[PDB]
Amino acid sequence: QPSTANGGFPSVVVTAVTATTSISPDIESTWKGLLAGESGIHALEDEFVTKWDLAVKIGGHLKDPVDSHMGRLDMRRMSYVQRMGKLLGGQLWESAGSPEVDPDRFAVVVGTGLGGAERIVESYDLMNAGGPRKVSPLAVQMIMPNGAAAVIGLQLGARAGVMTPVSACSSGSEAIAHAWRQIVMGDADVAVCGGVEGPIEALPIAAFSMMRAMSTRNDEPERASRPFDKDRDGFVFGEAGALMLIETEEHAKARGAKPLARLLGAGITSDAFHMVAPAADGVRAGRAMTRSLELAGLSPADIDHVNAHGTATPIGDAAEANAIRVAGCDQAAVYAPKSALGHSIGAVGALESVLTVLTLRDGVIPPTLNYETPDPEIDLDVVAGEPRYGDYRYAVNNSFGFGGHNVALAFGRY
């Protein structure tokens, strides 16, 4: 049975990464800030907080707003997530040395949680105001959730598939999983993959708050996101988008690209348990980790590091602790980046996949912020206080999305 370790799958490497976060528009500056213990989460200055008197008054807007890079034309022809995708797509390609690749062996897979939803309301207002002919001929291509991936595939010339998986919090990780599949099955040699997501506004806060999924620790915003802490009380929004470039090792060697890590396997399972709550027993989520190991050719003892999904909801962190144990990975050093960067839904799995790559590259795990009184019922080796330098050889990034979608990505040091 084929595996990465036994050569049954081609070797696939990560050759470039890009991300915009609440800490910085530069991924290497985000990484430096994480290591320094910085948080992207602050008091929301937006007028809409006072207008609605929202329960949640904290979150992390992008440090550098996407639209500060968008002129009038882009603001009229693209939804927000398309604008963010176009921005990250060009940054990534430049960071990769702007390679000339075969378009027919080049795929794009970019997940997102929702799509161009703000253009739905706008098109509906324009039609109420002025009739059907005041809907833009660009409305369909802006609204459609595949729009961000299509923009990037068109911008970079990808003709071996342009795909958009939608699985809430796991969308950006699942995109990297399907890009890995598209390469190992032979349909592509190189792929841009990741996730983009919209900004923090009042309706998103209201919608997730009404599930009691969100922290309300407004007095101390940087202390609010507390994954695996006894005093956690839900997640915090932190805006983000992230893409990575993956390609076969032979493709990378032939064009002089230095891999940052290896992408060794990917597991996708489902809870079939509840529409928003994860299964308490963590069994299917752990099975996604196991599956990524099977495809990589690893055993649980090889896993030095787990980049947790760790949203800091009470039930989510408890389910994930069971999953890590179920997968036999609970000796691994655990990092929960949402402690610092918050939750960006459809982008966050991609962002955390980039962070996992950087952990393997630099042999260091940033501290999980606000991990001060460890939850007694959770016994994980959570990195905290200051970065932990260590000999990390293999790592799993977890993403467990609303709807019960479990994605685990197995990465290796190059």
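Numbers follow the displayed sequence, beginning with 1.
Student: Mean Cα B factor from the PDB record: higher for 348 to 356, or higher for 381 to 389?
Tutor: If you average the C-alpha B-factors of 348 to 356 and of 381 to 389, the larger mean comes out for 381 to 389.
Student: Per the entry, where is the mean C-alpha temperature factor higher: 197 to 205 or 321 to 329?
Tutor: Comparing averages over the C-alpha atoms only gives 321 to 329.
Student: Check the PDB entry and point out which of 243, 151, 252, 179 has the largest C-alpha temperature factor.
Tutor: Of the options given, 252 has the highest CA B-factor in the PDB entry.
Student: Per the coordinate record, which of the options 239, 271, 122, 174 holds the highest CA temperature factor?
Tutor: Out of 239, 271, 122, 174, the record gives the largest C-alpha B-factor to 122.
Student: Taking the values exactly as deposited, rank residue 137 by C-alpha B-factor within its chain and report the matching third: lowest, middle or highest.
Tutor: It belongs to the highest third of the chain when residues are ordered by C-alpha B-factor.
Student: How does residue 291 rank on Cα B-factor within its chain, lowest, middle or highest third?
Tutor: Within its chain, residue 291 is a middle-third residue by C-alpha B-factor, going by the deposited values.
Student: Within this chain's modelled residues, let me know which third the CA B factor of residue 162 belongs to: lowest, middle or highest.
Tutor: As the PDB entry reports it, the C-alpha B-factor of residue 162 lands in the lowest third of its chain.
Student: Tell me, lowest, middle or highest third: where does the Cα B factor of residue 69 rank within its chain?
Tutor: Highest third of the chain for residue 69's C-alpha B-factor.
Student: Among the chain's modelled residues, which third holds the C-alpha B-factor of residue 35?
Tutor: Ranked within chain, residue 35 CA B lands in the middle tercile.
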